[PDB]
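What follows is a set of notes on a single structure, which appears directly below.
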Amino acid sequence: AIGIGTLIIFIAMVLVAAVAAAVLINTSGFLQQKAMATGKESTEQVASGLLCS
Amino acid sequence: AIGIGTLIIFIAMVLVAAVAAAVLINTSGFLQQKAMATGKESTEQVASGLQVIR
């Protein structure tokens, strides 16, 4: 009798951990973009310019 | 995960360093004109004058 239930709730544990992992993976992806963008943009700003002759 | 914050704080660090750089670039501009003018003007002053012939 006991055995049956153990299996069922095990399934839930798996899925819930999976769902949480998805958040972390996805979010890391979302940030990767902006992180790079910010650095490149900021460098081009400080480095570039024109000079009156 | 620890990674999440590491990313976010990097974004800040970059931005601050940009602002700090900016003030020096700006200030160098301001000083450029002021310096150049001061030299020119001072030179003309010493170099010039009138003389009474008779």
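What follows draws every value from the coordinates through simple rules; no lab data is involved. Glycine gets a Cβ as well: all are built from the backbone with ideal geometry, and neighbour counts include every protein chain shown.
Taking the number of Cβ atoms within 10 Å of each Cβ as an exposure proxy, the fewest-first ranking of A:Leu31, A:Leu7 is A:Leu7, A:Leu31. A crude spin-label estimate for the pair B:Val19 and A:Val14, with each label 7 Å from Cα along the Cβ direction, gives 5.0 nm. Protection proxy ranking of A:9-21, B:40-52, A:34-46, by the mean of other Cβ atoms within 10 Å over each peptide's residues and highest first, is A:34-46, A:9-21, B:40-52. Near B:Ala18: Cβ cut-off under 13 Å, other residues only, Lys/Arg at +1 and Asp/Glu at -1. The net charge is -1.
On the principal axes of its alpha-carbon atoms, chain B has extents of 94, 8, 6 Å, going from largest to smallest. Relative to the longest principal axis of the Cα atoms of chain A, the long axis of helix A:2-47 lies at roughly 0 degrees.
Rounded to the nearest 500, the 222 nm mean residue ellipticity of chain B from helices alone is -31000 deg cm²/dmol, with -39,500 (n - 2.57) taken per DSSP H run of at least 4 residues.
Only helical runs count toward this figure. For chain A, summing -39,500 (n - 2.57) over DSSP H runs of n ≥ 4 and dividing by all residues gives -32500 deg cm²/dmol at 222 nm. When Rg and the Kirkwood Rh are both derived from Cα coordinates, the Rg/Rh ratio for chain A amounts to 1.59.
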